[PDB]
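K.L.:
Structure file entry.cif (mmCIF, C-alpha atoms and all ligand atoms) is given on the next line.
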```cif
data_upload
#
loop_
_atom_site.label_atom_id
_atom_site.label_comp_id
_atom_site.auth_asym_id
_atom_site.auth_seq_id
_atom_site.Cartn_x
_atom_site.Cartn_y
_atom_site.Cartn_z
CA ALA A 723 -4.65 -13.98 10.74
CA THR A 724 -7.68 -12.81 8.72
CA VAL A 725 -7.18 -13.06 4.93
CA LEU A 726 -8.72 -10.69 2.40
CA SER A 727 -9.09 -11.98 -1.18
CA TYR A 728 -9.25 -9.97 -4.40
CA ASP A 729 -10.39 -11.23 -7.82
CA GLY A 730 -9.34 -8.22 -9.93
CA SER A 731 -12.64 -6.37 -9.44
CA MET A 732 -12.29 -5.92 -5.68
CA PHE A 733 -11.03 -3.23 -3.32
CA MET A 734 -10.76 -2.23 0.32
CA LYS A 735 -10.32 1.49 1.04
CA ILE A 736 -9.83 3.26 4.35
CA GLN A 737 -11.30 6.71 3.70
CA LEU A 738 -10.15 8.85 6.63
CA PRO A 739 -12.49 11.44 8.02
CA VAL A 740 -9.97 14.38 7.85
CA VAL A 741 -6.83 14.90 5.73
CA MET A 742 -3.63 13.42 7.16
CA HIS A 743 -0.12 14.82 6.87
CA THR A 744 2.38 12.32 8.25
CA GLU A 745 6.07 12.75 8.95
CA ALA A 746 6.66 9.01 9.13
CA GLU A 747 4.97 5.76 8.14
CA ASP A 748 5.51 2.14 9.11
CA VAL A 749 3.62 -0.16 6.77
CA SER A 750 3.65 -3.95 6.74
CA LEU A 751 1.61 -6.32 4.59
CA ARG A 752 1.54 -10.04 3.69
CA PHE A 753 0.51 -10.94 0.15
CA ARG A 754 0.14 -13.92 -2.16
CA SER A 755 -0.40 -13.69 -5.93
CA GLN A 756 0.23 -15.31 -9.27
CA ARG A 757 0.39 -11.95 -11.05
CA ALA A 758 3.69 -10.22 -11.85
CA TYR A 759 1.94 -6.81 -11.73
CA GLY A 760 -0.68 -5.50 -9.33
CA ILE A 761 -1.36 -2.90 -6.67
CA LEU A 762 -0.59 -3.95 -3.09
CA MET A 763 -1.38 -0.74 -1.17
CA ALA A 764 -1.32 2.99 -1.92
CA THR A 765 -2.14 6.13 -0.07
CA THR A 766 -4.08 8.66 -2.10
CA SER A 767 -5.01 12.29 -1.68
CA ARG A 768 -7.98 14.01 -3.28
CA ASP A 769 -5.90 17.20 -3.29
CA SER A 770 -2.46 16.24 -4.60
CA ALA A 771 -0.33 13.58 -6.22
CA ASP A 772 1.34 12.60 -2.92
CA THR A 773 1.58 8.84 -2.36
CA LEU A 774 3.26 6.02 -0.56
CA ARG A 775 2.59 3.15 -2.99
CA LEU A 776 3.54 -0.55 -3.01
CA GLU A 777 2.89 -2.76 -6.03
CA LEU A 778 4.13 -5.89 -7.77
CA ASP A 779 6.18 -4.93 -10.84
CA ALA A 780 7.77 -7.72 -12.88
CA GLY A 781 7.52 -9.91 -9.80
CA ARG A 782 9.38 -7.44 -7.56
CA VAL A 783 7.92 -5.11 -4.97
CA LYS A 784 8.13 -1.54 -6.23
CA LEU A 785 7.83 1.26 -3.68
CA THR A 786 6.97 4.73 -4.98
CA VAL A 787 7.02 7.73 -2.67
CA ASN A 788 5.96 11.20 -3.74
CA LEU A 789 6.00 13.73 -0.80
CA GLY A 790 5.68 16.79 -3.05
CA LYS A 800 8.79 16.84 -5.26
CA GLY A 801 7.71 13.97 -7.56
CA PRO A 802 7.81 10.12 -7.55
CA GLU A 803 10.91 8.28 -6.45
CA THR A 804 11.24 4.52 -6.52
CA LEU A 805 12.88 1.57 -4.83
CA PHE A 806 12.65 -2.17 -5.61
CA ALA A 807 12.97 -5.19 -3.35
CA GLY A 808 12.55 -8.92 -3.85
CA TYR A 809 12.10 -10.97 -7.01
CA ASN A 810 9.97 -13.78 -8.42
CA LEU A 811 7.34 -12.96 -5.80
CA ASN A 812 4.35 -13.96 -7.91
CA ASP A 813 4.86 -17.62 -7.04
CA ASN A 814 1.53 -17.85 -5.16
CA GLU A 815 3.32 -18.29 -1.85
CA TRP A 816 2.98 -15.80 1.02
CA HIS A 817 5.46 -12.94 1.23
CA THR A 818 5.89 -10.01 3.61
CA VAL A 819 6.69 -6.42 2.78
CA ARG A 820 7.65 -3.67 5.21
CA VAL A 821 8.23 -0.01 4.65
CA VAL A 822 9.60 2.45 7.09
CA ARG A 823 9.74 6.12 6.21
CA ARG A 824 11.08 8.76 8.57
CA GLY A 825 11.06 12.07 6.69
CA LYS A 826 13.47 11.79 3.79
CA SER A 827 14.73 8.31 4.82
CA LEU A 828 13.20 5.16 3.32
CA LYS A 829 13.68 1.47 3.99
CA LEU A 830 11.96 -1.33 2.09
CA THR A 831 12.26 -5.01 3.07
CA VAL A 832 10.65 -8.09 1.50
CA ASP A 833 10.52 -11.41 3.37
CA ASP A 834 12.73 -10.03 6.11
CA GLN A 835 15.66 -10.03 3.64
CA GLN A 836 18.02 -7.11 2.85
CA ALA A 837 16.66 -3.66 3.88
CA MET A 838 16.83 -1.59 0.68
CA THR A 839 17.44 2.06 1.53
CA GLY A 840 16.93 5.39 -0.15
CA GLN A 841 16.87 9.07 0.66
CA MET A 842 14.22 11.41 -0.80
CA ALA A 843 15.23 14.55 -2.63
CA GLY A 844 13.87 18.02 -1.81
CA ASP A 845 12.50 19.73 1.27
CA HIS A 846 9.30 17.81 1.71
CA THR A 847 8.85 15.54 4.73
CA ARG A 848 5.06 15.30 4.92
CA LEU A 849 2.88 12.77 3.11
CA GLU A 850 -0.65 14.04 2.43
CA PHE A 851 -3.38 11.42 2.26
CA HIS A 852 -7.11 10.96 2.62
CA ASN A 853 -7.22 7.23 1.81
CA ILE A 854 -5.34 3.97 2.24
CA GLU A 855 -6.25 1.87 -0.79
CA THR A 856 -5.96 -1.81 -1.71
CA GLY A 857 -7.17 -3.95 -4.61
CA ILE A 858 -8.12 -1.05 -6.87
CA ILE A 859 -6.89 2.55 -6.60
CA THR A 860 -10.30 4.26 -6.51
CA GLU A 861 -9.17 7.89 -5.98
CA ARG A 862 -7.45 8.35 -9.33
CA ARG A 863 -7.54 11.95 -10.36
CA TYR A 864 -3.96 12.89 -9.79
CA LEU A 865 -3.12 9.40 -10.10
CA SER A 866 0.06 9.38 -12.02
CA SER A 867 -0.57 5.93 -13.56
CA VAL A 868 -3.15 3.20 -12.97
CA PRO A 869 -1.70 -0.03 -11.59
CA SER A 870 -3.42 -3.19 -12.52
CA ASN A 871 -5.97 -4.26 -10.01
CA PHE A 872 -4.80 -6.89 -7.52
CA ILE A 873 -5.63 -10.57 -8.01
CA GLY A 874 -4.54 -12.45 -4.93
CA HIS A 875 -4.72 -12.39 -1.13
CA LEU A 876 -3.62 -9.98 1.58
CA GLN A 877 -3.15 -10.53 5.32
CA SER A 878 -1.85 -8.55 8.26
CA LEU A 879 -1.93 -5.05 6.73
CA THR A 880 -0.66 -2.69 9.41
CA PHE A 881 -0.32 1.03 8.78
CA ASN A 882 1.07 3.10 11.65
CA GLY A 883 -0.17 0.50 14.09
CA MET A 884 -3.63 0.06 12.55
CA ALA A 885 -4.52 -3.53 11.48
CA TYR A 886 -7.01 -2.38 8.91
CA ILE A 887 -8.19 -5.79 7.52
CA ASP A 888 -9.42 -6.74 10.99
CA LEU A 889 -10.61 -3.29 11.95
CA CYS A 890 -12.72 -3.21 8.81
CA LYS A 891 -13.93 -6.79 9.22
CA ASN A 892 -15.11 -6.15 12.77
CA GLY A 893 -16.65 -2.71 12.18
CA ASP A 894 -14.22 -1.32 14.75
CA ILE A 895 -13.85 1.86 12.64
CA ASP A 896 -16.34 3.85 10.52
CA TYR A 897 -13.97 4.51 7.56
CA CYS A 898 -13.96 1.38 5.44
CA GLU A 899 -15.39 0.82 1.98
CA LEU A 900 -14.86 -2.59 0.41
CA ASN A 901 -16.09 -5.42 -1.76
CA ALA A 902 -13.17 -7.82 -1.27
CA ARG A 903 -13.80 -11.22 0.33
CA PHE A 904 -12.81 -12.12 3.87
CA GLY A 905 -11.62 -15.64 4.70
CA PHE A 906 -8.68 -17.66 5.90
CA CA B 1001 3.58 16.54 0.87
#
```
Any chance you could give the structure as structure tokens?

P.N.:
Amino acid sequence: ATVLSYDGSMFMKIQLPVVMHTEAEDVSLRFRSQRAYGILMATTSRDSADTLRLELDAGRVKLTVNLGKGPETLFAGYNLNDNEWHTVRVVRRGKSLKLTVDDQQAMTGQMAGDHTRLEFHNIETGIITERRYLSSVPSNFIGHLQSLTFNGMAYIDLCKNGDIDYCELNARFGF
């Protein structure tokens, strides 16, 4: 429903009150953009390089997961910067990953190493603001997001309605 718009200088961050270590994530997000490159969503930790990161890369969705052994990647979809709405879904259960764009093929991967837990303090959109161990800085997002759900939490609406205490943002709500 509720759309959040980003002009390249805008962000929305969920800055969680205590560190999280998750064994599994289910993330879904609708987006629309003209840009071939740009952050969609990333988890960040103040204390490590761990991440579950989605971005546009050459018009594809690129998923990067780093649980402690280093970044591994998976791509799905193409020509997505057509300024039409697209959906992306990620499901991680320990070492197992699935990435699907527009309810097309589920792209699968298996993580290397013994790590199953993702450390994060923040869920970031628009701009990655916690950058210290940030492996590389994605371009800031220029476009629109809708229906961000992260482990059952519809953060655009939760933030819009002040239903949680954790949001920081300067992106623009609309429809
Ligand atoms: Ca970890």

K.L.:
So that I can see what lies close to residue 763 in chain A, please list as a PyMOL selection string the residues with an atom at most 10 Å from it, counting all atoms listed in the file and leaving out residues fewer than 3 positions away in the same chain.

P.N.:
chain A and resi 734-735+749-751+760+766+774-777+785+854-859+872+876+879

K.L.:
Give me, as a tab-separated table, each residue of chain A that comes within 10 Å of ligand CA 1001 (chain B), together with its shortest interatomic pair and the distance in Å at one decimal, counting all atoms listed in the file, with rows ordered by chain and rising residue number.

P.N.:
```
residue	atom	partner	partner_atom	distance
A:743	CA	B:CA1001	CA	7.3
A:744	CA	B:CA1001	CA	8.6
A:745	CA	B:CA1001	CA	9.3
A:767	CA	B:CA1001	CA	9.9
A:770	CA	B:CA1001	CA	8.2
A:771	CA	B:CA1001	CA	8.6
A:772	CA	B:CA1001	CA	5.9
A:773	CA	B:CA1001	CA	8.6
A:788	CA	B:CA1001	CA	7.4
A:789	CA	B:CA1001	CA	4.1
A:790	CA	B:CA1001	CA	4.5
A:800	CA	B:CA1001	CA	8.1
A:801	CA	B:CA1001	CA	9.7
A:845	CA	B:CA1001	CA	9.5
A:846	CA	B:CA1001	CA	5.9
A:847	CA	B:CA1001	CA	6.6
A:848	CA	B:CA1001	CA	4.5
A:849	CA	B:CA1001	CA	4.4
A:850	CA	B:CA1001	CA	5.2
A:851	CA	B:CA1001	CA	8.8
```

K.L.:
Please, what distance in Å, to one decimal, runs between CA of residue 890 in chain A and CA of residue 825 in chain A?

P.N.:
28.3 Å

K.L.:
What does the distance from CA of residue 737 in chain A to CA of residue 804 in chain A come to in Å, to one decimal?

P.N.:
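Taking CA of residue 737 in chain A and CA of residue 804 in chain A, their separation equals 24.8 Å.
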
K.L.:
Choose the residue, out of A:802, A:844, A:883, A:874, that has the smallest atom-to-atom separation from residue 903 in chain A; count all atoms listed in the file.

P.N.:
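Checking each of A:802, A:844, A:883, A:874 against residue 903 in chain A, counting all atoms listed in the file, the winner is A:874.
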
K.L.:
For residue 786 in chain A, which of A:746, A:758, A:830, A:811 is the closest residue, counting all atoms listed in the file?

P.N.:
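Smallest distance to residue 786 in chain A is found for A:830.
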
K.L.:
Go through A:779, A:747, A:834, A:861 one by one, measure the shortest atom-to-atom distance of each to residue 821 in chain A using all atoms listed in the file, and give the residue with the smallest value.

P.N.:
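Among the listed residues, A:747 lies closest to residue 821 in chain A.
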
K.L.:
Please measure the separation of CA of residue 882 in chain A and CA of residue 842 in chain A, giving the value in Å to one decimal.

P.N.:
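For CA of residue 882 in chain A relative to CA of residue 842 in chain A, the distance reads 19.9 Å.
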
K.L.:
With all atoms listed in the file as the basis for distance, which of A:836, A:871, A:880, A:755 is at the shortest distance from residue 808 in chain A?

P.N.:
A:836

K.L.:
Using all atoms listed in the file for the distances, tell me which of A:838, A:807, A:822, A:736 is nearest to residue 889 in chain A.

P.N.:
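Closest to residue 889 in chain A of all the choices is A:736.
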
K.L.:
Using only C-alpha atoms, which residues sit within 9 Å of residue 873 in chain A once same-chain residues fewer than 5 positions away are excluded, as a compact mmCIF listing (two decimals) with C-alpha atoms, keeping the file's coordinate frame?

P.N.:
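Dumped everything to selection26.txt:
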```txt
# COMPACT_ATOMS: atom_id res chain seq x y z
CA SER A 727 -9.09 -11.98 -1.18
CA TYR A 728 -9.25 -9.97 -4.40
CA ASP A 729 -10.39 -11.23 -7.82
CA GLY A 730 -9.34 -8.22 -9.93
CA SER A 731 -12.64 -6.37 -9.44
CA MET A 732 -12.29 -5.92 -5.68
CA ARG A 754 0.14 -13.92 -2.16
CA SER A 755 -0.40 -13.69 -5.93
CA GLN A 756 0.23 -15.31 -9.27
CA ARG A 757 0.39 -11.95 -11.05
CA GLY A 760 -0.68 -5.50 -9.33
CA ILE A 761 -1.36 -2.90 -6.67
CA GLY A 857 -7.17 -3.95 -4.61
```

K.L.:
Between A:894, A:748, A:815, A:899, single out the one closest to residue 827 in chain A, counting only C-alpha atoms.

P.N.:
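For residue 827 in chain A, the nearest of the candidates is A:748.
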
K.L.:
Show which residues sit within 7 Å of residue 752 in chain A, as an NGL selection string. Count only C-alpha atoms, and ignore same-chain residues fewer than 2 positions away.

P.N.:
:A and (816-819 or 876-879)
